[PDB]
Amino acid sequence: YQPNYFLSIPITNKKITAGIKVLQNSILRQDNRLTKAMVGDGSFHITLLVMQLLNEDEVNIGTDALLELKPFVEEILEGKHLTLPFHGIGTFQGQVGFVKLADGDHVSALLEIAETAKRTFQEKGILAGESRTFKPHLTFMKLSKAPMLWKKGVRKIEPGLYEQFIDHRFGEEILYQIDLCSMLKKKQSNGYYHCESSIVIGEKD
């Protein structure tokens, strides 16, 4: 199925977004045709779960399911914070470029949150989740965003464009928020996706 909504972990740690800005600009000075493939400023996130929300009532149900997920996330983390380290560069088949979540204990916890997200949402009657294995990543570019490159001379991201950053520590994000976002509505003025609702992670209540 084709989702139109997702759970999003916003990656706003200044160091991370700044390092990605430098990455993106370095690529663009090498080949300015890649401009439209770059994800926009303010849009950086990790996708936690995809889903379909097809009317106003389901959207409101989506919001209720997100609220319910909150206590489940803190049980999984055992009264601790989740630290997401972002280090180096990967691609899905040269078509999507992303900063890679480093390996650690945090990876399994993240997977457990994603799986608990899917179950929480489905039990509310929401088509949520994918069959594909969950591979968290922080996208900085996707060629599908610039469909004119396919027709032009550009059918993959040249690994030479980012060679200087393949080992680069972008920084660490502590999980602080989960957003319910529209994939298709107009973005906020700050460049983030349209946000139906949000919950806080990692703070005193």
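Throughout, we count residues from 1 along the sequence that is shown.
Engineer: Of the two stretches 44-52 and 166-174, which shows the higher Cα B-factor on average in the entry?
Structural biologist: Taking the mean B-factor of the alpha carbons in each, 166-174 is higher.
Engineer: With reference to the PDB entry, specify whether the mean Cα temperature factor is higher for 75-83 or for 108-116.
Structural biologist: According to the PDB entry, the answer is 108-116.
Engineer: Among the candidates 102, 96, 127, 99, give the one with the maximum CA B-factor reported in the record.
Structural biologist: In the PDB entry, the greatest C-alpha B-factor among 102, 96, 127, 99 is found at 102.
Engineer: Among all modelled residues of this chain, ranked by Cα B factor, put residue 11 in the bottom, middle or top third, i.e. lowest, middle or highest.
Structural biologist: Highest third of the chain for residue 11's C-alpha B-factor.
Engineer: Select lowest, middle or highest to describe the third in which the CA B-factor of residue 179 falls within its chain in this entry.
Structural biologist: Its C-alpha B-factor belongs to the lowest third of this chain's values.
Engineer: Of the three thirds of its chain by CA temperature factor, lowest, middle or highest, which one includes residue 24?
Structural biologist: Its C-alpha B-factor, which the entry lists for residue 24, ranks in the lowest third among residues of this chain.
Engineer: Taking the C-alpha B-factors as the PDB entry records them, is residue 59 in the lowest, middle or highest third of its chain?
Structural biologist: Within its chain, residue 59 is a middle-third residue by C-alpha B-factor, going by the deposited values.
Engineer: Among the modelled residues of its chain, does the C-alpha B-factor of residue 161 lie in the lowest, middle or highest third?
Structural biologist: Residue 161: CA B-factor falls in the middle third of its chain.
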